[PDB]
Every structure is written in structure tokens, then in C-alpha cells.
Amino acid sequence: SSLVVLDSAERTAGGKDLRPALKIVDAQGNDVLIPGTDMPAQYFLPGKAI
Amino acid sequence: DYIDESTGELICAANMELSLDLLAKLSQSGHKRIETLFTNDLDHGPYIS
């Protein structure tokens with residue numbers, strides 16, 4: 001399967017606020033942290049990301 | 001637009017948001033056959049409504 005994140009064009013009226021992301025965690029389900037900081041790494045995939 | 005036949009007061013009007021309390025009063029008007037809409041987004045989104 002290849003997941004394709006749809007832009008605003010084929011989105012409904014409700015799907016406008018949801019900002020898409022691949023969130024990076026651990027084997028226990030804990031949020032892995034960005035280098036030297038306490039950020040939970042959230043790589044927000046922009047428009048048309050295969 | 002479902003009125004209450006017994007007195008004829010306008011309880012609820014067409015194309016309104018659905019709430020618990022008026023459902024009770026409605027079925028008590030003796031009307032036990034109503035007509036929901038199918039607006040599920042995706043294939044048939046809430047357009048005309």
C-alpha cells in the first residue's frame with residue numbers, strides 16, 4: 001500500500017484543521033525526543049507527500 | 001415540519017439540529033414515523049443543507 005496525503009482540493013469541510021504528521025515514538029509507546037531538546041519530533045508532511 | 005395534532009402548536013421546524021427533549025414531546029404528539037437525512041460527508045456531503 002502507498003499512502004498519499006490529499007491536499008485541500010479533495011478534502012471535505014471538516015478536514016481543514018487536521019494538520020498531518022508522522023509522529024516518532026518508542027517500543028513502549030513513549031515519544032522520542034529531538035536532539036538536546038524536549039520536543040516531541042513531529043515531522044508534518046506537507047501537500048502531496050507519497 | 002412536525003406539529004402536534006392535538007393542539008397544533010409548532011414544536012419543531014424543518015431542517016433543525018437534533019436534541020433529546022423535543023424527541024419525547026414529538027413521539028407523544030402520536031407521531032411515531034419520522035424522516036432523518038443522510039448526510040455523511042464523503043459521498044453525500046452537507047451541501048444543500
# chains A, B, ... in the order shown; residues from 1 in each chain; ligands from 1
$ interface_residues --of "chain A" --to "chain B" --cutoff "10 Å" --atoms "only C-alpha atoms" --output "number ranges by chain"
A: 10-14
$ residues_around --residues "residue B:23" --least-positions-apart "5" --cutoff "10 Å" --atoms "only C-alpha atoms" --output "VMD selection string"
chain B and resid 12 18 28
$ write_last_selection --atoms "N, CA, C and O atoms" --output "PDB file, in the first residue's frame"
ATOM      1  N   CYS B  12     -41.441  21.750  16.616  1.00  0.00           N
ATOM      2  CA  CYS B  12     -40.159  21.752  15.912  1.00  0.00           C
ATOM      3  C   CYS B  12     -40.306  21.955  14.392  1.00  0.00           C
ATOM      4  O   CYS B  12     -41.226  21.406  13.768  1.00  0.00           O
ATOM      5  N   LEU B  18     -30.655  18.183  15.963  1.00  0.00           N
ATOM      6  CA  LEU B  18     -31.407  17.185  16.761  1.00  0.00           C
ATOM      7  C   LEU B  18     -31.108  17.113  18.299  1.00  0.00           C
ATOM      8  O   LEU B  18     -29.984  16.791  18.697  1.00  0.00           O
ATOM      9  N   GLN B  28     -44.872  11.792  21.576  1.00  0.00           N
ATOM     10  CA  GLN B  28     -46.144  11.998  22.349  1.00  0.00           C
ATOM     11  C   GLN B  28     -47.279  12.682  21.546  1.00  0.00           C
ATOM     12  O   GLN B  28     -48.461  12.482  21.846  1.00  0.00           O
TER      13      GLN B  28
END
$ residues_around --residues "residue A:25" --least-positions-apart "4" --cutoff "10 Å" --atoms "only C-alpha atoms" --output "PyMOL selection string"
chain A and resi 29-33+40-42
$ select_by_dssp --residues "chain B" --states "alpha helix (DSSP H)" --output "list in words"
residues 20, 21, 22, 23, 24, 25, 26, 27 and 28 of chain B
